[PDB]
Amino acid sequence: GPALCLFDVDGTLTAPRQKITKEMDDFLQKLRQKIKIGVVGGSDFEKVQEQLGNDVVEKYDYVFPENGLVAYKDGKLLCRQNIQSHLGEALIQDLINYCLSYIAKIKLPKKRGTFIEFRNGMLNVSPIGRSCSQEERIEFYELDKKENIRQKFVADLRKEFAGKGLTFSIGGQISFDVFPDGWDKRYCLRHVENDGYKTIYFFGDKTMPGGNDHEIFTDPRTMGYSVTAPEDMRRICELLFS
């Protein structure tokens, strides 16, 4: 029946870390004459504008920056959400206060700054502080592998807060993320499942476990297609939609 194509941005519509080409932009505008199209990415609206152009909301039926916490439909804001509004200020502060006190008790070779980075979709917590140098990240990650600093911190947090519907995810060298359950790319699906689409295709290049596309790829509401590069995506769309 009616259908929607949903695309990851970076690595799917664009070369990794790169802006969309005029030829790809032209392709999608011709594809949009056949099927509705939308884009979803983890970055804020400003970066999405850098990757796809400042007129992004006019070129796609849906634009979902920040995994859909910001949502545009047919050119106007459909909806906006953030962690403080959803969790409430009290719980935000309990979580922040617990982390600050915990980090004050961690014995480390070095502590710097930005221990708590507040983002609309998550809190990124770092015992050493995100401001540390690359050399200092490596020192910390080596201590962390031997002492399980982040593992233990996250375990204690799961015991204290997870009944409030919070997921904790370790990643990289120095930090972990705290965010409400399901606030990955799947969040955007709430904004399209009511609009009467019989099939919602999803194209992404990080569909395997740990990738930022895995949960939306696996969700039963999407017909997921893994792609290796934008050219692989365009070859699949030629076979699917002529």
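All residue numbers refer to positions in the sequence shown, first residue = 1.
- The mean C-alpha temperature factor is higher for 155-163 when 111-119 and 155-163 are set side by side.
- For the pair 140-148 and 100-108, the mean Cα B-factor is higher in 140-148.
- When the C-alpha B factors of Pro180, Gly38, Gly210, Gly41 are read from the deposited coordinates, the top value falls at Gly210.
- Compared with the other modelled residues of the chain, the Cα B-factor recorded for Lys198 ranks in the highest third.
- Compared with the other modelled residues of the chain, the Cα B-factor recorded for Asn67 ranks in the lowest third.
- Ranked within its chain, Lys34 lands in the highest third, by CA B factor from the PDB record.
- Per the PDB record, residue ranking by Cα B-factor puts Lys185 in the lowest third of the chain.
- Sort the chain's modelled residues by C-alpha temperature factor and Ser85 lands in the lowest third, per the entry.
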